[PDB]
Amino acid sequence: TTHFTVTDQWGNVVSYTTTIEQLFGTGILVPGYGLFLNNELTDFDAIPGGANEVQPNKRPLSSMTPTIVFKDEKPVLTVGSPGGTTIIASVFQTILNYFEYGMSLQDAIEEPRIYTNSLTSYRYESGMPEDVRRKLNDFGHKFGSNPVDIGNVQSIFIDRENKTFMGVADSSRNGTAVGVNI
């Protein structure tokens, strides 16, 4: 899964999340074509009979969450990330950090995240204070004994007041932001 974003001088805004699922997908490479092939159908439920059971011609449920945020009919921010089912949680947290904490965009991105889907799945980014993790686990959580990076937000903020775009690439990988003038 990767997420990227683009903004032009004629107002268009692109938030694009996109994947082959697992890294290298199934691993399969179309022979003598070099093309890697997705395992996406394993996003479908294994035991059948629920909303997200396998069906011919059906699409398996995704977690992808490319987003654009608008203040006053006009798009001001763009957010998205990879990270499997943790995506929902990354974007959620990025938006909180940026709009509820009033953090800079990069700061909101970099600010350590958690993720937890059930009582048996917990992850946290390095930065979670130890005293705090400990006191959480006393309370009934299961943040394990060592951290992991969660997700990869790329994002552009649209600055009317200064008439520019500010683009940021999450540190989790070697991504990059660059703007164009003239």
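In case it trips you up, residue 1 is the first one in the sequence shown, and so on.
Mean CA temperature factor is higher for 27-35 when stretches 27-35 and 135-143 are set side by side in the entry. Between 65-73 and 113-121, it is 65-73 that carries the larger average Cα temperature factor according to the deposited entry. Ranked by Cα temperature factor within the chain, residue 56 sits in the highest third according to the deposited record.
In this PDB entry, the Cα temperature factor of residue 17 sits in the middle third of its chain's modelled residues. Among the modelled residues of its chain, residue 172 has a C-alpha B-factor that falls in the lowest third, as given in the PDB entry. Residue 148 sits in the middle third of its chain by CA B factor, as recorded in the PDB entry. Ranked by C-alpha B-factor against the other modelled residues of its chain, residue 128 falls in the lowest third.
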